[PDB]
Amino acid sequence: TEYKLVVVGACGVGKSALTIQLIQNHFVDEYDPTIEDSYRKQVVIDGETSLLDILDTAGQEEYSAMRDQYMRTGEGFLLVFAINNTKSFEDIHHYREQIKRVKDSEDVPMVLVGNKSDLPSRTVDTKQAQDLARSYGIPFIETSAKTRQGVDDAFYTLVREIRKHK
């Protein structure tokens, strides 16, 4: 079985860093903000293997029929913010609504990902993230692409969410 995962979130939250840690097991500090490529990876989850197709999104702050098309094939979404960036946590709501639009559906598999948990200076409290995730009916996973903490879990959890949805 194959699963199409899409990684979304505001500029600079760690979309590309998270994805490259999962795929290539290293942390990148300066990854081109315009590159929007897909990656492949077979993984074993709860005894069952899947081929993961992960679409790293980028682009400009704008509507794009082209991007809508690449994202409509997504079966699950990683909603990423950075714990030291309040604006990125506020954008989460807008990302979820855009997903609902492109998929014409309220119950798309999704996980909320609070990235950069290695950093000391957090502006977004765990409790606000937990309540937001609670209201959406989705899991919330803290991660650090730098240390690799939570990275497998973020993606593995999204796959479980997709599996349950069928």
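Heads up: residue numbers just count along the shown sequence, starting at 1.
Engineer: Can you let me know which of the two, 97-105 or 37-45, has the higher average C-alpha B-factor in the entry?
Structural biologist: Comparing averages over the C-alpha atoms only gives 37-45.
Engineer: Using the B-factors recorded in the PDB entry, average over the C-alpha atoms of 132-140 and of 65-73, then report which stretch comes out higher.
Structural biologist: Higher mean C-alpha B-factor: 65-73.
Engineer: Would you mind checking which of 124, 52, 113, 55 has the top Cα temperature factor in the PDB entry?
Structural biologist: Top of the list by C-alpha B-factor: 124.
Engineer: Taking the C-alpha B-factors as the PDB entry records them, is residue 147 in the lowest, middle or highest third of its chain?
Structural biologist: Its C-alpha B-factor belongs to the highest third of this chain's values.
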